[PDB]
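Report on one structure; see the data block that follows.
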Ligand SMILES: OC[C@H]1O[C@@H](O)[C@H](O)[C@@H](O)[C@@H]1O
Ligand SMILES: OC[C@H]1O[C@@H](O)[C@H](O)[C@@H](O)[C@@H]1O
Ligand SMILES: OC[C@H]1O[C@H](O)[C@H](O)[C@@H](O)[C@@H]1O
Ligand SMILES: Nc1ccc(S(N)(=O)=O)cc1
Ligand SMILES: Nc1ccc(S(N)(=O)=O)cc1
Ligand SMILES: Nc1ccc(S(N)(=O)=O)cc1
Ligand SMILES: [Zn+2]
């Protein structure tokens, strides 16, 4: 009964070990596009990934993380709602058992097939661990995935998954360019929220891009061949690793675009 995504240990149970699950700033949320308001105070968003240094890909039993060298300002996120510089540490996805579900955020209640999270920490706090003690410690860039044409910049990820099928397996994953996971437009919504997995800490400025990326059915089908379980254990396919939308409470979602 470690946390997970089963009927016995999924999102409806997390509050028992992580009472912040019922907090005032939880994520994800439904993005009501008609209520979100353009904010002229937002500065231009800068996604600066040209010098990124990927290192490894890990099946952590809940998703797979592509990890980056964050020992210095190499891949960073600035501008928009953010004060200062946020350094890329890892990205991962959430996805469904079927194309009709998988995203964490929803857009006018619409669920996408998957959602990419590029996770960054505020460099003024020195390390990720200190950043998650702060109300402005993290910035997560969220990108929706729909199923259509293949995303060429995702294929290297897809093709390594057979080598990290089970929990605890990792593989080298150097020289991966995360620019290849972005859509064309950087239009976004933003709001203050939390990590979407335990420990559910309320440290995140969410920046959710409006434009989805398209991936092929074959690409997302390979996500669904991963396992939540470790090697040797009964196979439990890694699917439906998403938390549903949580109450908006006393928050407003701002839009970068008129
Ligand atoms: O290899 C992935 C990326 O790594 C970066 O460090 C390089 O500067 C980019 O040119 C390259 O696309
Ligand atoms: O009092 C007026 C203000 O209300 C706030 O809730 C909105 O975020 C602002 O955009 C608006 O100017
Ligand atoms: O860029 C990520 C990975 O893509 C492919 O798997 C390459 O064969 C490997 O060398 C690289 O680490
Ligand atoms: N019954 C139960 C208790 C706690 C959890 S947890 N680790 O997700 O909070 C899950 C199920
Ligand atoms: N330094 C570090 C990088 C990535 C991660 S991970 N596996 O949580 O993405 C943890 C620590
Ligand atoms: N450690 C951690 C980092 C990011 C997230 S998420 N799913 O909110 O990006 C959850 C936990
Ligand atoms: Zn996530």
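Numbering (PDB author numbering), first residue to last: 3 to 125, 127 to 261. Think of the CB as a built atom: it goes at the ideal place given N, C-alpha and C, for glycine as much as any other residue.
Residue i - containing beta strand (DSSP E), residue span
i           : result
residue 142 : 141-150
residue 68  : 66-70
residue 133 : Looking at the DSSP string, residue 133 is not in any beta strand (DSSP E); the run it does join, the alpha helix (DSSP H), is 131-134.
residue 18  : Run containing residue 18: none; DSSP gives neither H nor E here.
residue 79  : 78-82
Nearest candidate by alpha-carbon position, reference residue i, set the options
i           : options            : result
residue 180 : 19, 47, 12, 52     : 52
residue 176 : 57, 44, 50         : 57
residue 239 : 65, 45, 19         : 65
residue 159 : 138, 118, 10, 178  : 178
residue 138 : 148, 127, 55, 100  : 127
residue 2   : 102, 29, 10        : Nothing about residue 2 can be read from this structure; the chain reaches only from 3 to 261.
residue 197 : 233, 135, 243, 161 : 135
residue 80  : 233, 208, 218      : 208
residue 206 : 6, 27, 20          : 27
residue 96  : 82, 89, 83, 114    : 114
residue 55  : 112, 91, 85, 47    : 91
residue 200 : 20, 10, 9, 3       : 20
residue 219 : 163, 228, 157      : 157
residue 50  : 17, 61, 78, 68     : 78
residue 212 : 226, 228, 223, 190 : 190
residue 46  : 60, 15, 192        : 192
residue 233 : 226, 241, 204      : 241
residue 184 : 165, 170, 154      : 154
residue 187 : 214, 173, 116, 145 : 214
residue 223 : 122, 151, 254      : 151
residue 162 : 225, 172, 143, 204 : 225
residue 230 : 248, 112, 60       : 60
residue 112 : 119, 120, 8, 102   : 102
residue 235 : 3, 17, 251, 171    : 171
residue 260 : 35, 94, 24, 204    : 35
residue 168 : 141, 120, 228      : 228
Three-state secondary structure (DSSP) of residue i
i           : result
residue 92  : strand
residue 58  : strand
residue 257 : strand
residue 46  : strand
residue 195 : strand
residue 184 : helix
residue 160 : helix
residue 223 : helix
residue 168 : coil
residue 39  : strand
Run of the alpha helix (DSSP H) containing residue i, from where it starts to where it stops
i           : result
residue 175 : From DSSP, residue 175 is part of no alpha helix (DSSP H) but of the beta strand (DSSP E) over 173-175.
residue 217 : Premise fails: residue 217 lies in the beta strand (DSSP E), 216-218, not in any alpha helix (DSSP H).
CB-CB length for residue i against residue j, believed under 8 Å
i           : j           : result
residue 75  : residue 87  : 6 Å
residue 109 : residue 33  : 5 Å
residue 63  : residue 245 : Residue 63 to residue 245, Cβ: 15 Å. No contact.
residue 243 : residue 99  : 5 Å
residue 148 : residue 117 : 7 Å
residue 210 : residue 82  : 6 Å
residue 3   : residue 10  : 7 Å
One or two residues paired with residue i in a DSSP bridge
i           : result
residue 108 : 32
residue 123 : 89, 141
residue 204 : Note: residue 204 sits in no beta bridge, so no partner.
residue 117 : 96, 147
residue 232 : Residue 232 is not bridged to any residue.
residue 251 : For residue 251, which the question treats as bridged, DSSP gives no partner whatsoever.
residue 245 : None, per the DSSP bridge assignment.
residue 209 : 143, 194
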